[PDB]
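As a starting point, one isolated chain is supplied in structure tokens, in the form deposited in one PDB entry.
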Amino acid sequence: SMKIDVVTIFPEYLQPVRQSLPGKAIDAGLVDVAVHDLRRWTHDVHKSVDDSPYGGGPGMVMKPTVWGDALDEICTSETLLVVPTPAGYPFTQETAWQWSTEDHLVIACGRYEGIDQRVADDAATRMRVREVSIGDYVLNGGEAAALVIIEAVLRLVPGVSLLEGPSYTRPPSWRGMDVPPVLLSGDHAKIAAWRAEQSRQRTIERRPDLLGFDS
């Protein structure tokens, strides 16, 4: 069974991990997900986790000291440390398959302008570290990305290309819109071929990159 530890300053926000696909995985005993408040490893009265960036710039950077202490306690040499960041390597379906075989994922959720780079650099001297992005958009922090990664990985664990075209179910006519007749015909070869043509049309239109075309 897999162990996933999530470290965040917003532990309550990782509640969606519950009943859902990850929730079912947890209750089936296929994974254990534990969420940790980063502030647990602070020592000052104000529980500060961030400070202004060296060299200037807007916002705050998360302090290495607190993160270092947290990861010391939670990680081992076998840990795969996942660091969600807009500046990361792309997280893809291939990545999800790869991580689905891991014994222990630790996900370090950052906020503000991110985590002092020395945290990942230091961790990499003792364990495998993967800084990853889940897409080309900006988030306030890594927490929502952690949920996406957990969803993409867990649905692949034992025990749990091109675009899929349109799908239909009953009734065969609805608001004057009919299900494509071929889908009702029971002709496997014809259905297979129609579904391939639909997938091609959709992939060209929506994701031409998947077929090696521009945009």
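In this text, residue numbers run from 1 along the sequence as written. Heads up, when I say rigid core I mean the largest set of C-alphas that superpose within 1.5 Å between the two forms.
There is another form of this protein, the form deposited in another entry, and it is not shown here; the text below is about that form.
Annotation: the position in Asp27, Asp44, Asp178, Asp51 displaced by at least 2 Å at CA between this form and the one not shown, with the core superposed, corresponds to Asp27.
Relative to the superposed core, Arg18 shifts its CA atom by 2 Å or more between this form and the one not shown. Relative to the shown form, the CA atoms of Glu151 and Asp27 are pushed 3 Å or more farther apart in the other form. By 3 Å or more, the C-alpha separation between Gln19 and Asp37 shrinks in the other form relative to the form shown here.
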